[PDB]
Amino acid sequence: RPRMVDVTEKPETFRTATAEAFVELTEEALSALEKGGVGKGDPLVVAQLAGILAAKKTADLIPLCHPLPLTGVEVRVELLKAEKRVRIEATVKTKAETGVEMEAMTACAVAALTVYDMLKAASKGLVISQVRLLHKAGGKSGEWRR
């Protein structure tokens, strides 16, 4: 049966996690982003904040996730014109008995969903691709790198 793994006996150590996500753009969507949106606000700006908010809401969205007080959240949402791609990166930090991989992953996922929300009016077919972990530190397994 499902369970929130017990980590009460484990010590409180410094944890960090970094993830990224991408939104593939059509020419119509790119044109829209280079102008500030399509009558609704700047998608990149709104998405960046949605990511930070999402990081804090992670334990509420992921069933078995441990609720943790976050000590740091950085989110970047930038347009890569030549690649016709929007790249989202998020780094979360804390001092706990469990990692913050889910917080970083969720921040990127929701920021990507927000980019989609504000560009779907012009392109409903936009795809969110490659939500993945890039790095993490802390824990017994130690440092991990993609």
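When you see a residue number, it is the position in the sequence shown, counting from 1.
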property: Stretch with the higher entry mean CA B-factor, where the candidates are 87-95 and 100-108; result: 87-95
property: Which of 66-74 and 37-45 has higher mean CA B factor, as the PDB entry lists it; result: 37-45
property: Among modelled residues of the same chain, the CA temperature factor third for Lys10; result: highest
property: Modelled-residue ranking by C-alpha temperature factor, third containing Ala122; result: highest
property: Ranked C-alpha temperature factor of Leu79 among modelled chain residues, by third; result: middle
property: Where the record places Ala32 (Cα B-factor, split into thirds across the chain); result: highest
property: Ranked C-alpha temperature factor of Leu134 among modelled chain residues, by third; result: middle
